[PDB]
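Here the structure comes first, spelled out in structure tokens, and everything after it is commentary.
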Amino acid sequence: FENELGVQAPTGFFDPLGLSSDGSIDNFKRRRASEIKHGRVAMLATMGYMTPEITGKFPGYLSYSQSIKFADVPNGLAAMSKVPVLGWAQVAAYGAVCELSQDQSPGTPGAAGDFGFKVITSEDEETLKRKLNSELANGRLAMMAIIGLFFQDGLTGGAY
Amino acid sequence: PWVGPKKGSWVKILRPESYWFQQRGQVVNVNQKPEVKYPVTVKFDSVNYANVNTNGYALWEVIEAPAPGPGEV
Amino acid sequence: XXXXXXXXXXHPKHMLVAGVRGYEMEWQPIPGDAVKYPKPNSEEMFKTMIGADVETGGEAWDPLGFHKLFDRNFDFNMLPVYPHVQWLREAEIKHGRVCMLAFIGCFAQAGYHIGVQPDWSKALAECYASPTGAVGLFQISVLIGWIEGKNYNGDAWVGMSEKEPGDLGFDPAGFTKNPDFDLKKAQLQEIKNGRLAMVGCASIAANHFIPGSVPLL
Amino acid sequence: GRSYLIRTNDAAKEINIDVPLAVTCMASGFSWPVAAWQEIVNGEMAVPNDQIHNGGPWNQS
Amino acid sequence: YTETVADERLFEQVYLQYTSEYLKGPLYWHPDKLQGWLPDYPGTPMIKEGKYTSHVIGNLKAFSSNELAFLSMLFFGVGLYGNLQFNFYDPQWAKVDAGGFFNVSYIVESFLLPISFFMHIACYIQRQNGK
Ligand SMILES: CC(=O)O[C@H]1CC(C)(C)C(=C=C/C(C)=C/C=C/C=C/C=C(C)/C=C2C=C(/C=C/[C@@]34O[C@]3(C)C[C@@H](O)CC4(C)C)C(=O)O/2)[C@](C)(O)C1
């Protein structure tokens with residue numbers, strides 16, 4: 001399945017365990033969409049660990065009924081038992097509406113411009129591939145980073 | 001050329017107002033005159049309220065059903 | 001030689017039944033339910049369905065003839081009140097899977113716990129009455145809703161389910177993606193284990209509420 | 001009663017009861033909870049509506 | 001030639017087959033063919049092909065199947081939350097009994113459960129028509 005986006009510098013077609021030697025084109029597209037979606041989620045997730053840690057910590061409450069304040073919620077793992085559960089179900093809703101607002105045009109994820117969410121493509125193919133590979137490499141690194149931040153949070157109390 | 005069901009052949013009645021609607025009865029005879037509107041003559045085991053067990057039906061009101069069988073009208 | 005009756009003097013008969021459109025019309029467009037025109041085939045397709053084994057005979061074991069009731073629907077009220085064997089097999093395998101999960105759930109909860117604690121026969125009613133960090137009820141219920149909204153068994157009630165009964169397409173780790181692997185045998189083992197787990201769960205439920213009914217608790 | 005009526009498909013047998021057959025059916029009726037169900041599921045108790053008189057006509061024009 | 005009863009029956013069949021098709025057309029004008037009577041309203045066909053047409057759901061006919069599915073699930077979640085937080089958890093009866101007021105959010109949300117039911121019905125209707 002080489003010559004598809006993802007093979008750039010330090011390894012070519014990487015598969016040590018195969019999982020794509022079958023050549024199933026439908027299987028690869030679903031894996032590609034999953035790989036990119038995870039990265040895209042993880043990249044925002046890594047931003048979500050850095051920013052509330054150092055600063056920001058939105059002024060306000062985020063739960064007026066429970067009297068919680070954004071500052072009260074601990075950053076990192078401990079939040080998911082401290083963020084009011086109504087908040088998490090609504091995050092799933094805001095994801096869902098964009099899961100049904102980011103419609104798929106062709107075979108693999110698309111139809112949003114560079115990150116513009118009507119923006120148009122990068123036109124020049126050299127930039128089309130370079131940016132697409134940049135998204136994949138960044139997404140994979142963030143995937144490895146966020147689990148590392150999960151492990152670091154567990155190892156050393158708070159997120160850092 | 002014979003027309004209608006054969007003699008002695010069971011037929012299911014399709015006349016909605018007939019006392020034997022959807023019942024079955026042996027064909028006594030079929031009148032062969034094309035001018036007769038209700039040539040098929042059918043006799044039944046169950047008499048109607050007028051104590052009459054036979055009636056003449058039209059060519060389009062008998063469908064040549066099988067024999068009744070045990071405990072079946 | 002019997003003369004052929006012309007179409008002018010032919011008969012309507014009673015092939016037109018209450019389960020189908022009349023002289024010329026279209027039936028009411030019901031949403032997901034018994035749809036389309038039913039046809040009698042339950043018993044026949046029941047004799048080709050797998051699941052029969054040597055414990056009880058070796059042919060299609062159905063005393064009480066529960067399979068045949070779909071075929072009888074036409075004789076009774078001419079309405080498919082009784083499900084087709086396809087729906088019966090969907091219920092078969094769904095109960096089997098749910099029981100195979102639920103039995104080891106009963107065993108594990110009596111010996112394991114997570115960070116509320118309340119018996120096994122009152123675990124759900126407790127969880128449905130004391131939410132503190134118990135969004136797990138919401139997550140489990142939404143998983144169930146999505147799963148049998150997506151995998152609602154088409155028109156299995158009248159025997160016209162395009163999906164094979166119990167085939168949700170859930171074969172992640174290629175366990176029996178082999179061309180046959182005697183897939184009949186793997187399905188048979190699944191059905192046998194599901195029936196065994198159904199009997200186990202029934203035994204536990206009847207024993208907890210009828211003391212001393214089943215040997216051991 | 002149903003067994004006797006099925007086995008005597010005649011009006012003459014209802015006024016002049018065939019006593020041997022009548023008592024045979026009466027003794028045979030003990031297995032009704034099984035025989036009746038076996039007839040229900042095997043299509044031997046009920047009859048399709050298109051074989052008995054449905055009722056008075058409600059339309060034609 | 002003499003008119004046999006079969007020929008009369010043939011004329012009956014021909015006349016009925018022709019006239020039943022003719023009366024459906026725009027050239028019979030019977031009171032049973034008015035709007036609000038048997039025929040569908042002009043621009044709003046309800047049932048075609050034995051399937052609920054998109055015009056059944058009224059102003060929602062332009063909505064996408066995905067949009068209706070999202071609205072259905074969201075309204076189900078919100079309405080079920082309102083009902084459970086009004087009846088069993090966080091009861092409002094004692095609070096309003098002592099001179100308080102209802103949590104208006106709960107009352108507004110709880111009305112979104114049947115709305116969600118009909119919304120998911122509309123989602124299925126849209127999906128059937130390919131919209
Ligand atoms: C043929 C074949 O291969 O088919 C397969 C191929 C596919 C498609 C790839 C496939 C797949 C995908 C799969 C498997 C997904 C796997 C998911 C992995 C989940 C990882 C988890 C949960 C990560 C964590 C992190 C944890 C951290 C734990 C700690 O913080 C804890 C608590 C406390 C600290 O003190 C110590 C700590 C240690 C820091 C933890 O506990 O968990 C699929 C579907 O299976 C089919």
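Reminder, nothing fancy here: chain letters follow the sequence lines and each chain counts from 1. One-based numbering, in listed order, for ligands and for the atoms of each. Computed over heavy atoms, backbone and side chain alike; hydrogens, waters and symmetry mates excluded.
- No hydrogens or angles considered: nothing links the side chains of C/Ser42 and C/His84 as a donor-acceptor pair under 3.5 Å.
- No hydrogens or angles considered: a donor-acceptor pair under 3.5 Å links the side chains of C/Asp119 and C/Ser121.
- Atoms of ligand 1 lying under 4.0 Å from any heavy atom of C/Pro172, numbered from 1 in the order shown and given with element: 4 (O), 46 (C).
- Taking all heavy atoms of A/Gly18, A/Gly154, A/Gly148 into account, the minimum distance to atom 34 (C) of ligand 1 is reached by A/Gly154.
- Partners of A/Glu2 according to the side chain to side chain donor-acceptor pair (under 3.5 Å) rule, which considers only residues two or more places apart in sequence or in another chain, do not exist here.
- A side-chain N or O of E/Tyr124 and one of E/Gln128 form a donor-acceptor pair less than 3.5 Å apart.
- Ligand 1 is approached by A/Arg31 to a heavy-atom distance shorter than 4.0 Å.
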